[PDB]
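Raw contents of my_file_31.cif, mmCIF, N, CA and C atoms; chains and numbers go by the auth columns:
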data_query
#
loop_
_atom_site.group_PDB
_atom_site.id
_atom_site.type_symbol
_atom_site.label_atom_id
_atom_site.label_comp_id
_atom_site.label_asym_id
_atom_site.label_seq_id
_atom_site.Cartn_x
_atom_site.Cartn_y
_atom_site.Cartn_z
_atom_site.B_iso_or_equiv
_atom_site.auth_seq_id
_atom_site.auth_asym_id
ATOM 1 N N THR A 1 5.666 -7.773 5.127 0.00 1 Z
ATOM 2 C CA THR A 1 4.625 -7.432 6.097 0.00 1 Z
ATOM 3 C C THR A 1 4.191 -5.975 5.901 0.00 1 Z
ATOM 4 N N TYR A 2 2.889 -5.729 5.774 0.00 2 Z
ATOM 5 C CA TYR A 2 2.414 -4.369 5.546 0.00 2 Z
ATOM 6 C C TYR A 2 1.925 -3.742 6.851 0.00 2 Z
ATOM 7 N N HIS A 3 2.388 -2.539 7.138 0.00 3 Z
ATOM 8 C CA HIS A 3 1.937 -1.824 8.316 0.00 3 Z
ATOM 9 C C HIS A 3 0.929 -0.765 7.903 0.00 3 Z
ATOM 10 N N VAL A 4 0.002 -0.437 8.781 0.00 4 Z
ATOM 11 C CA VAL A 4 -1.042 0.529 8.432 0.00 4 Z
ATOM 12 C C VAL A 4 -0.889 1.808 9.280 0.00 4 Z
ATOM 13 N N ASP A 5 -0.392 2.867 8.653 0.00 5 Z
ATOM 14 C CA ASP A 5 -0.151 4.133 9.327 0.00 5 Z
ATOM 15 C C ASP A 5 -1.295 5.089 9.048 0.00 5 Z
ATOM 16 N N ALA A 6 -2.314 5.047 9.876 0.00 6 Z
ATOM 17 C CA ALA A 6 -3.473 5.916 9.680 0.00 6 Z
ATOM 18 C C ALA A 6 -3.433 7.129 10.613 0.00 6 Z
ATOM 19 N N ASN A 7 -3.115 6.909 11.894 0.00 7 Z
ATOM 20 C CA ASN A 7 -3.050 8.018 12.849 0.00 7 Z
ATOM 21 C C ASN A 7 -1.606 8.440 13.155 0.00 7 Z
ATOM 22 N N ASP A 8 -0.650 7.530 12.972 0.00 8 Z
ATOM 23 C CA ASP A 8 0.760 7.832 13.235 0.00 8 Z
ATOM 24 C C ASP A 8 1.383 8.492 12.010 0.00 8 Z
ATOM 25 N N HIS A 9 1.651 9.800 12.070 0.00 9 Z
ATOM 26 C CA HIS A 9 2.271 10.473 10.931 0.00 9 Z
ATOM 27 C C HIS A 9 3.070 11.717 11.327 0.00 9 Z
ATOM 28 N N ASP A 10 2.641 12.413 12.369 0.00 10 Z
ATOM 29 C CA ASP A 10 3.326 13.658 12.765 0.00 10 Z
ATOM 30 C C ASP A 10 3.736 13.639 14.229 0.00 10 Z
ATOM 31 N N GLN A 11 2.963 12.953 15.038 0.00 11 Z
ATOM 32 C CA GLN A 11 3.207 12.905 16.472 0.00 11 Z
ATOM 33 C C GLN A 11 4.218 11.830 16.832 0.00 11 Z
ATOM 34 N N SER A 12 4.238 10.760 16.067 0.00 12 Z
ATOM 35 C CA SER A 12 5.135 9.671 16.333 0.00 12 Z
ATOM 36 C C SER A 12 5.457 8.912 15.059 0.00 12 Z
ATOM 37 N N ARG A 13 6.559 8.196 15.082 0.00 13 Z
ATOM 38 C CA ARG A 13 6.987 7.387 13.949 0.00 13 Z
ATOM 39 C C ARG A 13 7.307 5.977 14.400 0.00 13 Z
ATOM 40 N N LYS A 14 6.279 5.172 14.500 0.00 14 Z
ATOM 41 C CA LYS A 14 6.408 3.785 14.869 0.00 14 Z
ATOM 42 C C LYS A 14 5.183 3.028 14.395 0.00 14 Z
ATOM 43 N N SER A 15 5.309 2.396 13.256 0.00 15 Z
ATOM 44 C CA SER A 15 4.204 1.710 12.639 0.00 15 Z
ATOM 45 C C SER A 15 4.033 0.296 13.193 0.00 15 Z
ATOM 46 N N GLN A 16 2.787 -0.134 13.335 0.00 16 Z
ATOM 47 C CA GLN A 16 2.487 -1.464 13.821 0.00 16 Z
ATOM 48 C C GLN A 16 1.211 -1.988 13.178 0.00 16 Z
ATOM 49 N N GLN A 17 0.730 -3.118 13.662 0.00 17 Z
ATOM 50 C CA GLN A 17 -0.496 -3.712 13.149 0.00 17 Z
ATOM 51 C C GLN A 17 -1.042 -4.682 14.195 0.00 17 Z
ATOM 52 N N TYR A 18 -2.257 -4.432 14.665 0.00 18 Z
ATOM 53 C CA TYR A 18 -2.877 -5.274 15.680 0.00 18 Z
ATOM 54 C C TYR A 18 -3.181 -6.659 15.128 0.00 18 Z
#

Represent the structure of the file as structure tokens.
Amino acid sequence: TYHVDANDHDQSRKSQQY
């Protein structure tokens, strides 16, 4: 399963996908 980390990189670490 591929997650897309576009805005989550420095403020938080929890990848997801709508």

Residue neighbourhood residue 14 (chain Z), 9 Å, only C-alpha atoms, exclusion window fewer than 5 positions, as a PyMOL selection string
chain Z and resi 5+8-9

Report, in Å to a single decimal, how far apart CA of residue 1 (chain Z) and atom C of residue 13 (chain Z) are.
16.0 Å

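Of note, CA of residue 18 (chain Z) and atom C of residue 6 (chain Z) are spaced 13.4 Å apart.
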
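The space separating CA of residue 3 (chain Z) from atom N of residue 16 (chain Z) comes to 5.4 Å.
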
Could you work out an axis-aligned box for chain Z, taking every atom the file lists and adding 5 Å on each side, and report centre and edge lengths in Å to one decimal, as lines of an AutoDock Vina configuration file?
center_x = 1.9
center_y = 2.9
center_z = 11.0
size_x = 20.8
size_y = 31.4
size_z = 21.7
